[PDB]
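**Q** This one's experimental. Sequence and coordinates below.
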Amino acid sequence: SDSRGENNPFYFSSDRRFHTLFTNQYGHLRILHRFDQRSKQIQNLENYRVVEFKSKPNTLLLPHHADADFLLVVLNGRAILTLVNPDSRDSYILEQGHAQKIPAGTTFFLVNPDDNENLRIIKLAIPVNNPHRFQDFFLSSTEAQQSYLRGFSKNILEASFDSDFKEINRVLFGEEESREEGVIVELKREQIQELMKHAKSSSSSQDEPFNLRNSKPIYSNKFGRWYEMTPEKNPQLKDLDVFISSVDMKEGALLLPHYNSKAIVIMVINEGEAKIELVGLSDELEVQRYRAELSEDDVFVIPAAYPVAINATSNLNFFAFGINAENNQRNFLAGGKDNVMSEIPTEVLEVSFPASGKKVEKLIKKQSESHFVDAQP
Amino acid sequence: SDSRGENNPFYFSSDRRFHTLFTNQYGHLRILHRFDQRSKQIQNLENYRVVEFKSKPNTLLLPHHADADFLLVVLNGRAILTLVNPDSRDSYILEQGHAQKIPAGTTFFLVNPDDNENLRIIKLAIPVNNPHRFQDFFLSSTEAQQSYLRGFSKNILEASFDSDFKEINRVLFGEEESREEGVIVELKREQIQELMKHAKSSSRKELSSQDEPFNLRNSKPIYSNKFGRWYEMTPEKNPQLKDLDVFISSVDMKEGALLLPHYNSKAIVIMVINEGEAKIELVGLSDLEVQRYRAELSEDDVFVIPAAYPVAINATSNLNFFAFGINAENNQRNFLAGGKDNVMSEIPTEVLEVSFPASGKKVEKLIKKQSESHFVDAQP
Amino acid sequence: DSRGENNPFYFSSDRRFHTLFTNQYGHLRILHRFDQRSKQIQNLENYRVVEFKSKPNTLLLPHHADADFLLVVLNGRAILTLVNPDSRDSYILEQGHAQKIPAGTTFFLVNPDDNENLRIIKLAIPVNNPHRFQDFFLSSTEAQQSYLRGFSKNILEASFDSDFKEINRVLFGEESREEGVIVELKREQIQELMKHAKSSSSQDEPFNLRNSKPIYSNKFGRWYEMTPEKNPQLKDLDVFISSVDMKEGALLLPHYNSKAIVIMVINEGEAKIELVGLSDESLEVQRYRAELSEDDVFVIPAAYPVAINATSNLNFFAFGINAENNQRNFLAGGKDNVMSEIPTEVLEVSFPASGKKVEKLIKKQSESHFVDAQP
Ligand SMILES: [Ca+2]
Ligand SMILES: [Ca+2]
Ligand SMILES: [Ca+2]
C-alpha cells in the first residue's frame, strides 16, 4: 500500500522527471516536470518551476532573459554570473553554495571559469505571464536559435540601428562570419581571463550574491551539519518568501523524523545517496508511507507539515528551497533538541499513547543526541 | 428570481452543508462544504475552509498539527489552548469571544476546562499545500487513528528513539487495549487543573500582547442601541488579523430587531450563528432585475455575504452571530437607511433627483424619516 | 505570423469589447477576458478593462461594484464624486488624471463640458470572483431596478419607517423614472455639483502623470510614467501608468519590459506595433503584428520585445501590471540599451561578426528611445 520509487508522487528523479530544454557537447538545461501535474497534494507549488544547469569547463551560456524571477544556486563548481542592465552590468564570482536572485527580464550570461570541473546549478523559477511556464529569450544568433531581434521587420531594424539591413544581417544574424552552434559555447582560456578579472567575489546586500555555507550551521554534530538562510536573514529571500538549506551528512547518518511547520520544501541531491521516508495520511485512519532512494540531481518535495526522515547511505550533501518560508518552525519528533514530543505535558502524553505518561517521557529521553544520529547504531 | 432555503447558494446550513471529520461521545469536529463548489459568485473563498468543533465538559482534543493557518474562535464556553512548539509551549485560557491565530503546522491540543458547559469553536482555515483542503496530523495513537510516527520504518524508529522496536511499539503504538478510543477524551478534574496552572489570561484591565489571544467583545462596540450592538476588530488594530487581512465581528440582536440594509464595500463575509434564529435577505443581480436570496438561520448555520451585495438581517429571537471578513483591509460598511453611516444621505439632491422617480426633495425627505441607526425595530 | 484579428495580443475596439450599457448619452464596454483570448497572458485573468464614453452635460448614476478600479481620463474633463458612508469627495478630473476607486465605493460621474466628450478607461480588479464583477446601481430607471428593490416590503417599511406605497413611489416608481444609467443634466445642475467639486489624505486623491517630468523626451516623442515607487495608490495595485506622445513617422525603438505585463490603449491616432514571441529544430521567433486604432487595446507580455511605429500623430496610455521595479530594456540607441552593456568577448560569440564589429554597429545609432522611422 506504500508509494515507492517512480510511483512516489513526491519523488522527481533526474532519470525520468525532467525535460531537456537544451543539450550539446558543452552542457545542458533541464526543467523539472510540473509539481501540480504530478500531485495535487502540492498543488500550491504550481507557480514554481525548477531548472537544472550543467556545463563543462571554460564554457559560456549565451546572453538571454526570461519572464520569470530566478533564484540561482551553485550546487557544484564555480561560476561567473553577469547581470546585464540597461545602463550597466555586474559580474560576480559564485563559489559552490552561492545563491543570487535574478529579477525577471534581467538579461544575463553565465561562465564556468574552471579548467577541469563541471559547473552544476539548480534554479528556482517564478513565471510572470503564465503561472505554469516561462520563455527563455536568447539575444544571440546561433544555429540552434534565432535572436529575438530577428522578429522585427527590415524597416524597423534599419531605422533602429541606423544601418542597411545587409550589414545588420551580416553582423547580427548570419542568415544570408559564422555563428556558434548552440547557446552554450566554449571560450578560449584567455577569454575566461578577461571576464574573470572584472567579476567581484562575494567576501546581505539587496543585490549581491550570498553564500549560506559561510554562516554558522543551525544544527551540527558528529553525523551532520545543516546550513540555512531565511527571509528574516536575507532581503532577496524575503522578497520571494523562500529559505535555502545546505546539509552535509556522513555515511550511516540519520536525519531524525521531523516536519516543517508551514514551509513546502523542494530538495535536490548535490552528491551522494540517500533513503527518504515521508509520512502522509491515507484517503468517515491510517498513515500513507512515501519512500524513495535519492541520487545526484534527484529532486524531492516535502509538503508542509508532513513528517520526514532521511538516512544517508553514503557521504551526502543536499540543497533545499523552502517555499512559504517566513517563520517556519522545524519540529523534530525525537532527540533532545527542538523535539516537539518532549514539549508535551505528562498528562497529555498519558492519554495520547497506550503506555503511561511517565513511561512515554522515559522513552523520549532515551535518545540523548539531537537532529542527526547514527542510522544504526 | 427568489433563491431561498437550501436552494440559496450562499446559505450553508448546519443541517446539510457540513462534513464530520470525527465524532464521538465527547465531541465532534466538522468542516463546511467548500465555498467555490456551492457558488462561483464566491469563487475567491476557495482558499478558505471553515471548521466547527464542539466538546463536552472536561474534555481534551489530543495533540495534532495541520498544514493550514487557523483563526480559532470560541463561540461558546471557554477553553485552554496550548501551543506546543519545538522547544517550549504556551497555554492560554480563552473566554467566549476570544480569538487566536495558530500558525500552520503548530502542534496544539485543546481542553474544555468547564465542569458543565460545552465548548463550541469555529475556525477559519487557510490550507498550505493544496489551496482547497488540509490534513490533520494526530501524534496520538488511539483506536480511531494511528500516530503519524507509524509511517516511519522500524529501523528508523529504533535508531531515532535509541531503543528496541518491541518497547517503542508497546509504549507508543500498542495495536487489553491501552490506547484511548478517539482523539477527544475526557479528563479528571485534577488533570484539568494541572493543565490550567500555566495558562495565561487576557485580562481586559492588563496590557495586551499582540501575539496572544484577544477578545473583540472586550472592546467598545462600533454600533450600539436599544435593538442591537456590534463588536468588531480589524487588521488595522490587530497584527494577527493584519497578517490574514481578516476582520472579526460579534453582533448581538434582540428579538424583533432589524439590522438595516447595508453592504460591505470590499470584504467577503462568512458569518455563523452562535445562538438564536434570524431571517436574512441578501440582494444579488440577475444575469436588469434584482436577484433575491433569503434564508432562515439557526444555531451553527453559516451564511456568506459577498462583498458589495446588499444585506439585511431580522432577528426572530435574541441572537448572536460571529463573522469573518475576508479581504478586510479598509472595508467600509455602507448602510442604506437610518441616520448614520448611510451612503444614500450623502448623495446630493440633484443626483437623487434624477436617480429616483420623485424629486430630490421627496427623496431626501423619505431618507430622513428613519432617525434610528444600524439597528431598528423590525415591526413599527 | 499572427497579425490583425488573428493576433491574440490584439484586442480591437472593433470586435473585442462587449457593451454593458448604451444609450443616446453614452456607453460602457468591457474588454473580452485576456486569458480567454490567450494563455500566454494567463496572469491577467484577475484584471478587466472597461471603456466609458459620455457626451456633454451627462451623468452616470450612483453605483458601486465589487471591484477595485483605477480610473483614467483619456480625453475630456470630469467630476468624479466618491460617496462614502458619512461624507463625500468630488474631484475635477482633467485629461491624464487617474484615481483609484476602492471596491464597493459608491460614486457617480459627470461630464461638465459643453462640447467635449468624456472618454475613460478603467482597470478593474474583481473581488468576489476573479474573472468578473457586478455593477450595483442604487438608482431606479427603465433599464434597471434599484438594488433596494431586492428587500421585502416589511424590511423596507421598517428600514425607512414609512408605508410601502410612499417608498414604492419615491424610490421605485415602476414624475417618472429616467430611461437609463446615463442621463443628461441641465447646465444649471452641472454648475451646481460643479462648484462643490475640487480640482488639481493628499496622496489618496487623483494624480496626473502628465504633470511630471517625462522619463524620455525628444523631437519624435515623449513618455510620461508614474510608478508604484512614486505613488501610494499605484503601490497598492503594483501598477504603473504610462502616457506616450509620438509624432507621425516616429519610431519607438525595440525594447522590452523586464517584469511588467503591459495593457495599452490607443487614445488618439493610429500605430503599427511589432511584438516578438517564441514559437512552440532551430528555435524560431514568432511575430505578432497589428494596426492599432482609437480605443484599440494591445497587450505586451513581460519580457517580450516590442517596437511601435506612429503612422499618424499619436498618444496612447498604458497600465503596467506587476510594475514594481520594472526595468525597460532598450535594444538599440544610446540610453538604456542593454546590448551596449555586453562585453566584447561575449558579443564575439553571441553573434556571427566579431565583437569589435558588433560593437561598431550597436554604436551607429546615437539617438535614443524615439527616432525618426528613417535610417
Ligand atoms: Ca496511556
Ligand atoms: Ca425624479
Ligand atoms: Ca562572432
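**A** In hand now; what should we look at? Numbering: from 1, shown residues only, chains lettered A, B, ... in the order given. Ligands and ions are numbered 1, 2, ... in the order given.
**Q** Bridged to residue A:122, which residues?
**A** Beta-bridge pairing of residue A:122 under DSSP bridges involves residue A:52, residue A:73.
**Q** Surely it and residue A:50 touch.
**A** Yes - between residue A:122 and residue A:50 there is a contact under CB atoms under 8 Å: 7.1 Å. Where C-beta positions appear, they are placed from N, C-alpha and C, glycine not excepted.
**Q** Quick one: check stretch A:170-189 for contact with chain C.
**A** Yes - if you take CB under 8 Å from any CB of the partner chain as the test, stretch A:170-189 does meet chain C, through A:170-174, A:177-180, A:185, A:187.
**Q** Nearest to residue A:157 among those residues?
**A** In terms of CB to CB, no member of the residues of stretch A:170-189 next to chain C lies closer to residue A:157 than residue A:172, at 8.9 Å.
**Q** Show me the helices in chain A, by range?
**A** A:35-38, A:154-161, A:165-168, A:189-198, A:235-240, A:346-352, A:357-366 (DSSP state H).
**Q** just so I know, which of those lies nearest residue A:277?
**A** It's helix A:35-38; of those, that one is closest to residue A:277 (CB to CB) at 18.9 Å.
**Q** Wondering if that closest one reaches chain B at all.
**A** No - using CB under 8 Å from any CB, helix A:35-38 stays clear of chain B, with a minimum separation of 9.3 Å.
**Q** Report the buried residues of that helix.
**A** Residues of helix A:35-38 classed as buried: A:35-36, A:38 (neighbour count, 16 or more other CB atoms under 10 Å in any protein chain shown).
**Q** And stretch A:137-146, by the same measure?
**A** So, applying 16+ other CB under 10 Å, buried residues of stretch A:137-146: A:137-142, A:144-146.
**Q** Over to stretch A:211-226?
**A** For stretch A:211-226, by 16+ other CB under 10 Å, it's A:211-213, A:217-219, A:223-226.
**Q** My guess is residue A:67 contacts residue A:104. True?
**A** Yes - the criterion here is CB under 8 Å, and residue A:67 meets it with residue A:104 at 5.8 Å.
**Q** Can you pull the residues that touch both of the two?
**A** A:128, C:259, C:302-303 (CB atoms under 8 Å, 6 or more residues apart in numbering or on different chains).
**Q** how deep is residue A:283 tucked in, by neighbour count?
**A** When neighbours are defined as other CB atoms under 10 Å in any protein chain shown, residue A:283 has 8 of them.
**Q** Okay, it and chain B: tell me how far apart.
**A** Noted for residue A:283: a distance of 9 Å to chain B, by CB to the nearest CB, to the nearest Å.
**Q** mind listing what the residue lying closest to residue A:334 once chain neighbours are set aside touches?
**A** Once flanking residues are discounted, residue A:334 sits nearest to residue B:160: 4.1 Å by CB to CB, 6 or more residues apart in numbering or on different chains. Each residue near residue B:160 by CB under 8 Å, 6+ apart is listed here: A:254, A:256-257, A:309, A:333-335, A:367, A:373, B:152.
**Q** Now, those that are in strands?
**A** A:254, A:256-257, A:309, A:373 (DSSP state E).
**Q** residue with max distance from the center of chain A?
**A** residue A:164 (45.2 Å; CA atoms, centre = their mean).
**Q** Which phi and psi values does that residue adopt?
**A** With angles defined as degrees, to the nearest 10, residue A:164 sits at phi -70, psi 150.
**Q** cool, and residue A:179?
**A** Dihedral angles for residue A:179 - degrees, to the nearest 10 - are phi -100, psi 160.
**Q** Also residue A:337?
**A** The phi/psi pair for residue A:337 (degrees, to the nearest 10) reads phi -160, psi 130.
**Q** separation between it and chain C?
**A** Counting by CB to the nearest CB - residue A:337 and chain C are separated by 40 Å.
**Q** With residue A:43 instead?
**A** Distance from residue A:43 to chain C, by CB to the nearest CB: 16 Å.
**Q** who does residue A:22 bridge with?
**A** residue A:29.
**Q** how about stretch A:31-43 as PDB, C-alpha atoms only?
**A** C-alpha atoms of stretch A:31-43 as PDB (Å, rounded to 0.1, in the frame of the first residue of the first chain):
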ATOM      1  CA  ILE A  31      13.400  21.700 -16.500                       C
ATOM      2  CA  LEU A  32      11.600  19.600 -13.900                       C
ATOM      3  CA  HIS A  33       8.100  18.300 -14.800                       C
ATOM      4  CA  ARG A  34       5.400  20.500 -13.100                       C
ATOM      5  CA  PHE A  35       4.700  19.900  -9.400                       C
ATOM      6  CA  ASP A  36       0.900  20.100  -9.600                       C
ATOM      7  CA  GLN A  37       0.700  17.700 -12.600                       C
ATOM      8  CA  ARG A  38       2.400  15.000 -10.600                       C
ATOM      9  CA  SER A  39       0.400  15.500  -7.400                       C
ATOM     10  CA  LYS A  40      -2.500  17.700  -6.200                       C
ATOM     11  CA  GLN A  41      -1.000  17.300  -2.700                       C
ATOM     12  CA  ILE A  42       1.500  20.000  -3.700                       C
ATOM     13  CA  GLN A  43      -0.900  22.000  -5.900                       C
END
